[PDB]
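Presented below, as structure tokens, is a lone chain in the form deposited in one PDB entry.
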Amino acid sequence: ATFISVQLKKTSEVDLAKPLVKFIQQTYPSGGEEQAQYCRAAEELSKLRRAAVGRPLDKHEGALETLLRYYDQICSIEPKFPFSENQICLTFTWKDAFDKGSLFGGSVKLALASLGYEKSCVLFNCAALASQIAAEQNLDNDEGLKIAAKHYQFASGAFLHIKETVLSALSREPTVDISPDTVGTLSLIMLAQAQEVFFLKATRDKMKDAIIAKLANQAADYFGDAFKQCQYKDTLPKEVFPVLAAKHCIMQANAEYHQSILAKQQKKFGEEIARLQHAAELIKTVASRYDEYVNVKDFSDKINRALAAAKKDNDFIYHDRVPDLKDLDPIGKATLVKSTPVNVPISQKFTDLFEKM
């Protein structure tokens, strides 16, 4: 099991309170109590940021819920505070999640006086953590499976949301890690991995070989498309392209392997052999191009066991004609997976610190 996850973007500390407190004492002549509490709620928000984006990596629902709360909050402050009028005086500075920058200098960083920029990088890190937690799961466990599937789908919908909104909200030119191309590709990757998780669920629940094959076939479409978005690009870490190329072939081999079990059941012995030969070729390709990144050895043995047994009996008993691949029906596609929409609130039991404002 080799899953892709995304590193969180780094940020630097900001005093959210100082510039927010000072811009609350406006309309609101109440230099007394009520108005001067909405200014300690802005202390809670500044502390919340330090919590969401400042603490050393924690990989629990603990740390993700913090992040998602922080995102929820930032979004409900945008009507409260003048920022695409701006107006207020906050600068958020974030490093690019991927571009190391030249060691002939420093990071690739981008400072902007924008709530838009802030929420985008926050959402990014919500997606990235979600992907880390999904990739962490023990997939030999039904609840591990379920947490991976839920989180890959969240991460997919949240990268996609950034794709539709980064440019609108930034005004300026985004950094390449959050730009629509990188992030549309990360969305498709998480969604591929979500599908792969359903394939593994079905494997585990020993479902109908026909079901499993369509689930694997659709995964191969998703992984196919993601590697093709990466073919001419060097934005993501270097392990990403070869993993996606490998998975695209592994997924196709799983499709053919399970479709072969169905053919056999149906006494279509020639078709079984044809599909198994396709599987073995795919898996032979991956074993020789991509061995630094996946271990395909037990699958390969399993295919070779089935193909050796298949050929021996067809030659000695059935004499079925082994058909050509272009003459076989296509394996269908079952998609069980979508990009979770970002609809605030995204956090568990949210309350806006500035609700009655």
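Throughout, we count residues from 1 along the sequence that is shown. By rigid core we mean the largest C-alpha set that fits within 1.5 Å across both forms.
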Avg C-alpha B-factor, entry values, 283 to 291 vs 82 to 90, higher side is 82 to 90
The stretch carrying the higher mean Cα B factor in the deposited entry, 189 to 197 or 141 to 149, is 141 to 149
One of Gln277, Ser114, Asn254, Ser156 has the largest Cα B-factor in the entry, namely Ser114
Among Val322, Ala306, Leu325, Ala41, the highest C-alpha B-factor in the PDB entry belongs to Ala41
Tertile call for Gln265 (CA temperature factor, within chain, third-based) is the lowest
Chain-relative C-alpha B factor for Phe98 (record values, thirds): the middle
Chain thirds by Cα B factor, record data; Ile273 belongs to the lowest
Temperature factor at the Cα of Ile331, chain-ranked in thirds, falls in the lowest
In terms of its chain's C-alpha B-factors, the third that includes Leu8 is the middle
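Here the subject shifts to the form deposited in another entry, a form of this protein not shown in this document.
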Of the residues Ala36, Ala309, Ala51, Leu325, superposed on the core between this form and the one not shown, only the C-alpha of one moves by 2 Å or more, and that residue is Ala36
Once the core is aligned, please say if the CA of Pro79 is shifted by at least 2 angstroms between this form and the one not shown. no
- After the core is matched up, is the C-alpha of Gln266 off by 2 Å or more between this form and the one not shown? no
Next on the checklist: With a threshold of 2 Å on the C-alpha, tell me if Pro237 counts as moved between this form and the one not shown once the core is superposed.
Outcome noted: no
Working note: in the other entry the C-alpha atoms of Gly101 and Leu16, off by 3 Å or more, come farther
Per the comparison in the other entry, the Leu103 and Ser179 C-alpha atoms (change 3 Å or more) are positioned closer
